[PDB]
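Only one chain is included here, represented as structure tokens and corresponding to the form deposited in one PDB entry.
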């Protein structure tokens, strides 16, 4: 349709383009402080949760008994070529599998999906929201494909959280992605 394009571009321009080139330096800072806790597959990329249903939690953090908050990435004052950085909120979680920590992961939501959710809650549909969300995703995927540094430092985790039933597990989904990486 229309808004997906704008959402993808602004989310790149105003966020991903800004945070991705400084991420590894901040992972390094985090690992120096926290005895290499950010180690193992899936631990050194920004994983962006992209629920096509657009269910981003209000408070933006992952809320899930099997995805346990541990810590946030520290900040880097100055970027690689001497330009001052803004500040970024990035959270590191441990993924549980049967009560046992199975991985550590920098996880967050693709925040603009909230905008799509809001649009579908005004008196002036959900299937349109889904199509918009998909288009938002593939447009973002195309953009990242054009910058090879970015694609190295982040992965999109695209799924659909059903509105009811107990079939879907986000933690297993995140594990599924990391373990299948090649």
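Residue numbers count along the first chain shown, from 1. Rigid core here is just the name for the largest C-alpha set that superposes within 1.5 Å across the two forms.
Below, we refer to the form deposited in another entry, which is not included among the displayed structures.
Large Cα move at residue 111 between the shown form and the other one, threshold 2 Å, rigid core: No; residue 111 is a residue whose C-alpha shifts by less than 2 Å between the shown form and the other one when the cores are overlaid.
Core-aligned C-alpha movement of residue 61 between the shown form and the other one reaching 2 Å: After core superposition, the C-alpha of residue 61 moves 2 Å or more between the shown form and the other one.
CA of residue 76, rigid core aligned, shift of 2 Å or more between the shown form and the other one: Yes, the C-alpha moves 2 Å or more.
Cα distance between residue 17 and residue 60, which in the other entry differs by 3 Å or more from this form, closer or farther: Farther is correct, given that in the other entry the C-alpha spacing of residue 17 to residue 60 is increased by at least 3 Å.
Sense of CA distance change between residue 76 and residue 15 in the other entry, threshold 3 Å: Closer is correct, given that in the other entry the C-alpha spacing of residue 76 to residue 15 is reduced by at least 3 Å.
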